Amino acid sequence: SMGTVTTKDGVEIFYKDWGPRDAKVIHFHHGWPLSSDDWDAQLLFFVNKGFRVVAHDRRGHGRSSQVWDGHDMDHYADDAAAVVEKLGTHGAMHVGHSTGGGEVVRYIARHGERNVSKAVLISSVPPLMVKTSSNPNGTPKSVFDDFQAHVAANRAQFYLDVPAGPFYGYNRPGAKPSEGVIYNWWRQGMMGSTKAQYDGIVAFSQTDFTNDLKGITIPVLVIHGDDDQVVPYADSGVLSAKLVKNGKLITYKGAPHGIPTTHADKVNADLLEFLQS
Amino acid sequence: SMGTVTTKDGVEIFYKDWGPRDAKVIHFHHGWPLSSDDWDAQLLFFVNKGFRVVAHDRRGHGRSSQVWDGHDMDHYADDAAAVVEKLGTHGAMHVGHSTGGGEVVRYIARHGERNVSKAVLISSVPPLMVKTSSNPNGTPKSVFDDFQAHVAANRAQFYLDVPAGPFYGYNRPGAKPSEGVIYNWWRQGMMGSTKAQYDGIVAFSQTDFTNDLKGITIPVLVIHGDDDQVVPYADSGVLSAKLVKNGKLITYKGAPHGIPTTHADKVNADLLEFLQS
Amino acid sequence: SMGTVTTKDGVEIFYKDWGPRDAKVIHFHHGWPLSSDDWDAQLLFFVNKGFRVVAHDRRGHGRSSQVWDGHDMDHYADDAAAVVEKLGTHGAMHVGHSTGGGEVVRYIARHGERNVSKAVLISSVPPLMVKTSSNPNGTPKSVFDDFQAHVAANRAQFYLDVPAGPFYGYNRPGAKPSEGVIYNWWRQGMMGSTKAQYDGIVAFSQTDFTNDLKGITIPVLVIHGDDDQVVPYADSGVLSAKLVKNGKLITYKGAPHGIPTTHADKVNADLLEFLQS
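What follows is the structure, given as structure tokens:
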């Protein structure tokens, strides 16, 4: 029972719940195709400071059930809601990275901002990644179709190539790649379901969060790297911070997509300052 | 609970069950020393086409319990039956790779071909791998004794060397090894039980499936690479296809042992054509 | 349920229990930051000889619950007692490596030597690693603070650097590193909780077992490498063997910390001789 909850639809969601029971809560939502382990640097920082931290694995990711369907933002939000309802942690600060930032926004829209004191979108997918007739600066759909085809063709290799190349900026001049960071990304991706991750690409890239964002009146902090090769800065973080009612943007100059790892100390300090504000 | 069943002898068997509940079913049985993750390319292909796919982890392999005994084909077959019993998927097409093809044969013989509509043996161990005074064309037992000695001596290194060398033909000139494929094979092996896998060598190499095969009258498709360095083509698939009553052999010229990965597109197309036949 | 027990404080402990139900039992206690998989070479050796072997994963390690607190030797001992109580294996020989040797000592002290026939401390942390007024030759606390800072900074990379360097002596001239051994150490570490492991450094380095050791009257064997870079030989095994009432020391000349792996055949032989004595 410690660290698992079963949703209404029979999906087992794994979670970490660390720290004093009566401390202020921060709930973290990870990106594609990873797990709650991707927050390790943040979870350790906060728990060592006396806070309570919660972080769960999205359906079909990490240690959560390899359910074949429901791989969309509405289900992701409801699965998050199942964790919050079990733990009684309403009023938490909710922090998302990448796809997880979409999940945070949909959680707020679907289950109500009364239950979230503050939100943070780190390197997050909103408002809409894919190019459409009404989103002409987006990324062409074929880009995502190709990510899907890579997952289908050789997921094992693709999950080395992404973290070795664009995700942490290890393909840039001056980069100091960490083999452990690369293999750790891979390890998390591979324990998840190929089907959940394959469908998951559509969920993150082709869900429009613009309406959800506009309904958010609670304090929102947006943190984004301006050399993000995975979720382009100009078409995500910059827009999200303006669409919400009470948003603020912190730009990490030169930073990649995987800033919870590469810029952990900055992220930790910025999250703490926002939590205490 | 989703994706586990406890057998009547107390073993928890992990499985994936993906796709529409009323669709035609394909059940897949993996090889040594791997897990149901070895079928990812196939599972994704079939689920995306609207079929229902089931794939379980052998006892002591993958996410299934590290039970110390019963590492033989009869128990492997009985563990498969426990999955089919829970899910009600009698009448499925059963597909085995490598050791898993032995499991499929023993499952049919022990639980009855009335419960299987069609069977596919990919790179599979039957009829009898090991050389005996009465199987003079087989592989000397010393070979399998040496595999066991390597498992006992340094399993972690052995499980890099096998996929980096003979399993996918990456030791052949001009081959393009995939680091991710090699590490994924390793990852699946190392999560399983050293004892299950040690005993499992005997199970796959020293079980005689000849009588079981002769009793199979349902349609059987045999797929086998003629450059298979792990299960020699001439003493396995060539023979199995002739021993069953209604068998057909497809030979993949040049192909290694790990054809679900290296020849995924051919496997998928051949499996689909047979399923629809 | 095969292989899991839930403690009084709600922690799920993973264990392996292999071999004939009525055979003499050997219970193994692994080191930091690993799991019961670190014992593979010993478990296989003894089960193949017809003994019963038990090995559990420490809280927040391996497959055990990622509980945030109780990362201290008293709780480690109590969690081990939970496994013994479920299995009824009182009277076993208890073998610890590294941190696990401390856990064996505190288990004996807290739960009583009446429940342990013989104990073995391989490369173990007792009596006390850190420098103090009464342990003047111990390791400065700053060394352990620095380990904790590495875990906090980049656990993924630190867990390659430890096994690739000091743990197996692969940093010594003429050493023959095994990539599989290095990655397997890493694999075990990363599946555990960063918090359990961060706190666990204090538990192993900063717990005084002197009075526990002085109270042990059962036969104790200490095995320790004299080139151990992780737990210095002169301030650990040499002392523990003299503080217990009935202790014997076997020194492996030139040997590193990771002797269950590097010196497996010697360890297996010395354990079997002690067990039969």
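Protein chains in written order, with the numbering used here: chain A, 17 to 293; chain B, 17 to 293; chain C, 17 to 293. We treat Cβ as the ideally placed atom computed from N, Cα and C, and that holds for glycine.
Query	Result
Contact set between C/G196 and chain B, taken where Cβ atoms lie within less than 9 Å	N170, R171, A172, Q173, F174, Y175, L176, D177, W202 and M206
Neighbour-count burial assignment, A/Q58, 16 or more Cβ in a 10 Å radius	buried
Partner residues on chain A for C/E28, Cβ-Cβ distance less than 7 Å	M18
Near-chain B residues of the region 83-103 of chain A (beta-carbon distance less than 7 Å), N- to C-terminal order	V83 and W84
Limits of the unbroken alpha helix (DSSP H) element including B/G107	No alpha helix (DSSP H) holds B/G107; DSSP gives it neither H nor E.
Within chain A, the residues that B/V63 reaches when beta carbons sit closer than 8 Å	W84 and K211
Option nearest A/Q204 by Cα separation, candidates A/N227, A/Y186 and A/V178	A/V178
Sequence-distant residues of the same chain with beta carbon closer than 7 Å to C/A125, five excluded per side	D228 and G231
B/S150 burial status per 10 Å Cβ neighbour count (16 or more: buried)	exposed
First and last residue of the uninterrupted alpha helix (DSSP H) at A/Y268	From DSSP, A/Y268 is part of no alpha helix (DSSP H) but of the beta strand (DSSP E) over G263 to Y268.
Closer than 7 Å to chain C by CB, B/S81	yes
Buried versus exposed, by CB contacts within 10 Å (16 or more), C/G104	exposed
Pair within 7 Å by beta-carbon distance, C/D244 and C/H279	no
Any chain A beta carbon closer than 7 Å to B/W34	yes
A/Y184: contacting residues in chain B (beta-carbon distance under 9 Å)	The contacting residues do not exist; A/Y184 stays about 17 Å from chain B at best.
A/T20 - partner residues in DSSP beta bridges	A/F30
Closest Cα partner of A/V69 within the set A/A108, A/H127, A/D85 and A/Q164	A/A108
Within-7 Å CB hit, A/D56 to chain C	yes
C-alpha distance - C/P193 paired with A/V146, whole-angstrom precision	47 Å
B/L60 at chain A interface by Cβ criterion, 7 Å	yes
Nearest candidate by alpha-carbon position, reference C/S114, set C/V218, C/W48 and C/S209	C/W48
Proximal residues to B/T267 (C-beta, below 7 Å), its chain only, five neighbours per side dropped	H240 and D242
A/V120, enclosing alpha helix (DSSP H) - first and last residue	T115 to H127
Neighbour list for C/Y268 in chain B, Cβ cutoff strictly below 7 Å	Correct list: empty, because the minimum Cβ distance to chain B is about 18 Å.
Under the three-state DSSP convention, the category C/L50 falls into	coil
Boundaries (first-last residue) of the beta strand (DSSP E) holding C/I234	No beta strand (DSSP E) holds C/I234; DSSP gives it neither H nor E.
7 Å Cβ cut-off: residues of chain B touching A/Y249	Here the premise fails: no neighbours, minimum Cβ distance about 29 Å.
Beta-carbon spacing of A/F30, A/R74 below 7 Å	no
Delimiting residues of the beta strand (DSSP E) encompassing A/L137	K134 to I138
Pick from C/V21, C/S17 and C/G26 that is closest to B/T23, judged by C-alpha positions	C/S17
Distance between A/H43 and C/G19 (C-alpha atoms, nearest Å)	31 Å
Nearest-angstrom Cβ-Cβ length linking A/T210 and B/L60, presumed shorter than 8 Å	5 Å
Contact set for C/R130: own chain, Cβ-Cβ below 6 Å, skip 5 residues either direction	none
Counterpart residues of C/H72 in DSSP-defined beta bridges	C/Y31 and C/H45
Outcome for B/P36 when other beta-carbon atoms lying within 10 angstroms are tallied against a minimum of 16	exposed
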